[PDB]
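For ligands, and for the atoms within them, numbers begin at 1 and follow the listed sequence. Naming convention: chains lettered A, B, ... in sequence-line order (proteins, then strands); numbering from 1 in each chain.
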Number of protein chains: 2
Amino acid sequence: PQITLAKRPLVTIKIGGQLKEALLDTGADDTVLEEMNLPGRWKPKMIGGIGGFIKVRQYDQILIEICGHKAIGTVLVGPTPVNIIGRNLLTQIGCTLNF
Amino acid sequence: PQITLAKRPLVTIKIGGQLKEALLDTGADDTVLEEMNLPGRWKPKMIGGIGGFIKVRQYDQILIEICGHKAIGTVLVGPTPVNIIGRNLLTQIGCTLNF
Ligand SMILES: CC(C)[C@H](NC(=O)[C@H](C)NC(=O)OCc1ccccc1)C(=O)N[C@@H](Cc1ccccc1)[C@@H](O)[C@H](O)[C@H](Cc1ccccc1)NC(=O)[C@@H](NC(=O)[C@H](C)NC(=O)OCc1ccccc1)C(C)C
Ligand SMILES: COc1ccc(Br)c(OC)c1C(=O)O
Ligand SMILES: COc1ccc(Br)c(OC)c1C(=O)O
C-alpha cells in the first residue's frame, strides 16, 4: 500500500493472536508495544525518546503481522501510549519513504 | 528519493540559516528541532513522547527546505537530541510510506 501522512499511519497488526493497531514509525529504531502479556523469557531494558526514558521488557523472535506482511524480531513491551512499529520490522516488510 | 530504513532516515535540511541533519519521522505529528533561535514570538506547547511530556516553543510560519523541497509551517523547538521532521511537513513535500 501507499500511505499518505495527513493522518497518523496507524495500521492493523496481529500479534500474540490478537488484533491491534500500531504506528508505522520511521523515527523508531525499535518496536515498542503497549503493556500486554507475552509468554516466555524477556530481559529488562530501557529506551529513550522525547519525554526521557521508559523501562521495557525485551522479547526476541516475536512474530508480528503488519497489513498482511510477516515480520519477526525484537519487541519491547512497556508503558507506551501507542504501539510503535520501528525500523527493525519496517525493513522486513519492505517499507520505504518516498518523495 | 526512495529511502530504505536499515539506518535512520536522516536527510539534510536548511532552517534558520543553518544546514542540519533531520529525521524524516512518520511517528511525529509535529516537527521538533534541537535548541536554536528562530524568528518570531513563540507560544508555549506541550508535546508527548516515550518517557512523557515536555514543554517546547512553537514558531509559526517558518520556512524549511528538505532535500530541495520547500515547505512552510509550524516548527517546535525544544530539548530533543535529534531534529525531527513530522507529518505537518512530510505531507507538504509529498512524502509517503510504501510497501
Ligand atoms: C519510539 C522509540 C523507540 C524512540 N527512540 C529511538 O528510536 C531511540 C532508541 N531513542 C533515542 O535515540 O533516545 C536518545 C535519548 C535518550 C534519553 C532522552 C532523550 C533521547 C522515539 O521516541 N522516536 C521519536 C523521535 C525520537 C528519536 C530519537 C531520540 C528522541 C526522539 C518519534 O520518532 C516517535 O515517533 C514517537 C512515538 C511516540 C508517540 C507518543 C508517546 C510515545 C511514543 N513520536 C514522538 O515522540 C512525537 N510525539 C507525537 O507526535 C505525539 C503523538 N503528538 C504530540 O505531542 O502532539 C502535541 C499535543 C500534546 C498534548 C495535547 C494536544 C496536542 C514527537 C517527536 C512530537
Ligand atoms: C533498569 O531497570 C529496569 C529496566 C526494565 C525493567 Br522491565 C525493570 O523491571 C521493572 C527494571 C527494574 O529492575 O526496575
Ligand atoms: C490526543 O491524542 C494524542 C496526542 C498526543 C499523544 Br502522546 C497521544 O498519545 C499517544 C495522543 C493519543 O492518545 O491519541
Legend entry - A:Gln58 vs A:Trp42 side-chain heavy atoms within contact, under 4.5 Å: no
Inset, instruction - Just need the protein heavy atom nearest to atom 12 (C) of ligand 3, so name the residue and atom and give the distance. - result: A:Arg8 NH1, 4.0 Å
Inset, instruction - Would you mind running through ligand 1 and noting each atom that sits below 4.0 Å from a heavy atom of B:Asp30? - result: 56 (O), 57 (C)
Inset, instruction - Please check if the side chain of A:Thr31 supplies one atom and the backbone of A:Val75 the other of a donor-acceptor pair under 3.5 Å. - result: no
Legend entry - Side chain, backbone, both or neither: A:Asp25 near ligand 1, heavy atoms under 4.0 Å: side chain
Legend entry - Minimum-distance protein heavy atom relative to atom 6 (C) of ligand 2: A:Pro44 CB, 3.6 Å
Inset, instruction - Identify, for atom 14 (O) of ligand 2, the protein heavy atom at the shortest distance, and state residue, atom and that distance. - result: A:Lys55 NZ, 2.7 Å
Inset, instruction - Under 4.0 Å, heavy atoms only, figure out whether ligand 1 is touched by the backbone of B:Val82, its side chain, both or neither. - result: side chain
Inset, instruction - Report yes if A:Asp29 has an N/O atom closer than 3.5 Å to an N/O atom of ligand 1; otherwise report no. - result: yes
Legend entry - Geometric N/O contact B:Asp29 with ligand 3, under 3.5 angstrom: no
Legend entry - Nearest-0.5 Å distance that lies between atom CG in B:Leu33 and atom CD1 in B:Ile13: 5.5 Å
Inset, instruction - Check each of B:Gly27, A:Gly48, A:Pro79 against atom 44 (N) of ligand 1 and report the one with the nearest heavy atom. - result: B:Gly27
Legend entry - Check: A:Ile3 main-chain N/O paired with B:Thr96 side-chain donor or acceptor under 3.5 Å: no
Inset, instruction - Determine the sole option in A:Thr26, A:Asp30, A:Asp25, A:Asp29 for which the side-chain hydrogen bond (donor to acceptor under 3.5 Å, both in side chains) test with A:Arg87 is passed. - result: A:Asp29
Inset, instruction - Check whether any N or O atom of A:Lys45, backbone or side chain, sits under 3.5 Å from an N or O atom of ligand 2, and answer yes or no. - result: no
Legend entry - Heavy atom of B:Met46, distance to ligand 3 below 4.0 Å: no
Inset, instruction - Give a yes or no on whether atom 2 (O) of ligand 2 lies under 4.0 Å from any heavy atom of the protein. - result: yes
Inset, instruction - Working to the nearest 0.5 Å, report the span between CG of B:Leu5 and SG of A:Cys95. - result: 6.0 Å
Inset, instruction - Say whether B:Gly86 and ligand 1 are in contact under the criterion: heavy-atom distance to a ligand atom below 4.0 Å. - result: no
Inset, instruction - Please indicate whether any nitrogen or oxygen in A:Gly52 is less than 3.5 Å from any nitrogen or oxygen in ligand 1. - result: no
Legend entry - Test: B:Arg57 and B:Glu35 ion pair at under 4.0 Å: yes
Legend entry - Any N or O of B:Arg8 closer than 3.5 Å to N or O of ligand 1: yes
Inset, instruction - Verify, without hydrogens or angle tests, whether A:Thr4 (side chain) and A:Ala6 (backbone) share a donor-acceptor contact under 3.5 angstrom. - result: no
Legend entry - Ion pair check, A:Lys14 and A:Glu65, cut-off under 4.0 Å: yes
Legend entry - Sub-4.0 Å atoms of ligand 1 with respect to non-hydrogen atoms of A:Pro81: 41 (C), 42 (C)
Legend entry - A:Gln18 side-chain N/O to A:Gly16 backbone N/O, donor-acceptor pair under 3.5 Å: yes
Legend entry - Test item: B:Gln61 side-chain N/O and B:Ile72 main-chain N/O as donor-acceptor pair under 3.5 Å: no
Inset, instruction - Return the orientation label for the A:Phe99 and B:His69 ring planes: parallel under 30°, perpendicular over 60°, tilted otherwise. - result: perpendicular
Inset, instruction - Using non-hydrogen atoms of the residue, decide whether B:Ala28 is closer than 4.0 angstrom to ligand 1. - result: yes
Inset, instruction - Answer yes or no for B:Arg87: is there a heavy-atom contact with ligand 1 below 4.0 Å? - result: no
Legend entry - Option whose closest heavy atom lies nearest to atom 1 (C) of ligand 1, chosen from A:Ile84, A:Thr80, A:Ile47: A:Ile84
Inset, instruction - Below 4.0 angstrom from a heavy atom of B:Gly48, which ligand 3 atoms are there? Numbered from 1 as shown, please. - result: 7 (Br)
Inset, instruction - Note the single closest protein heavy atom to atom 7 (Br) of ligand 2, along with its residue, its atom name and the distance in Å. - result: A:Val56 O, 3.6 Å
Legend entry - Side chain B:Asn83, main chain B:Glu21, donor-acceptor under 3.5 Å: yes
Inset, instruction - Counting heavy atoms only, name the option from A:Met46, B:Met46, B:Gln58 that's nearest to atom 58 (C) of ligand 1. - result: B:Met46
